[PDB]
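Just one chain is shown here, as structure tokens, and it is the form deposited in one PDB entry.
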């Protein structure tokens, strides 16, 4: 009599809204995948789990108000900057509003992915163009190798990955004048300096290279933590650059999400809904 037409056991799962709530509260993947015998039992369970997550979130915030005095993104930002200053890197801060011409020299499709302000101005989608400019200026006053980096807000109307941030923080460190034979090792050095300062000790370096060049993608498992490029590059011509170089770029909110193992990348980004990884309406 085991024919049974009935449905499998624990077939009632979270409603999309319960699921989203548990995610904002950084529930575990196990908790997110829980099934129940029926809706009432599930709703009941939901309330209990939410309750515990809200409690944990409030405790975390206490730490912020009496101890840290600043959220992870800002703590991470100061942490990364000091570590690079100790390695001789000069930190710069450039315009977040860049021109269409600057943007053009970077490739098209990226034009449809940026927030335009008018026909000639837009919010920078990356830090590269601005650092290219500083390279050209600094190379005329300083001796190579020139080490420069910037940590700052970038904007994109859309992106890859399963999640998206219109406003994100990028760390982009570079060295202009790197000896060709040492390029691959510099990228490694940079990755290590950064990942070490970021409290991440588990990661792998993925190198690829095909036609228009040699790229080094830093990752943890199937998780990308950063992408580095190498010069001479195809674009070097438009920016009047002719020295070898290396550059590595990181998404800090993404780094934080991966290090902390949180659910939403928004949890530690610039926000009015979260603070230091905690959803505020708790």
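So that the term is clear: the rigid core is the largest set of C-alpha atoms that superpose within 1.5 Å between two forms. Residue numbers count along the first chain shown, from 1.
Deposited sequence between residue 107 and residue 108: 4 to 9 residues lack coordinates. In the deposited sequence, the stretch from residue 212 to residue 213 hides 1 to 3 residues that have no coordinates. In this entry, 216-224 has the higher mean Cα B-factor, the comparison being between 216-224 and 28-36. In this entry, 132-140 has the higher mean Cα B-factor, the comparison being between 132-140 and 90-98. In the deposited coordinates, the residue among 207, 169, 166, 174 with the greatest CA B-factor is 207. For residue 119, the recorded CA temperature factor ranks within the middle third of the chain's modelled residues.
Looking at the C-alpha B-factors along this chain, the one for residue 258 belongs to the middle third. The deposited CA B-factor of residue 282 belongs to the middle third of values across its chain. Among all modelled residues in its chain, residue 235 ranks in the highest third by Cα B-factor.
Among all modelled residues in its chain, residue 241 ranks in the highest third by Cα B-factor.
One more form of this protein, deposited in another entry, exists but is not displayed; see below.
Candidate set 93, 180, 117, 162; criterion, C-alpha shift of 2 Å or more between the shown form and the other one after rigid-core fit; matching residue, 162. Fitting the two forms on the rigid core leaves the C-alpha of residue 254 displaced by under 2 angstroms between the shown form and the other one. The rigid-core alignment places the CA of residue 219 less than 2 Å apart between the shown form and the other one.
Relative to the superposed core, residue 43 shifts its CA atom by 2 Å or more between the shown form and the other one.
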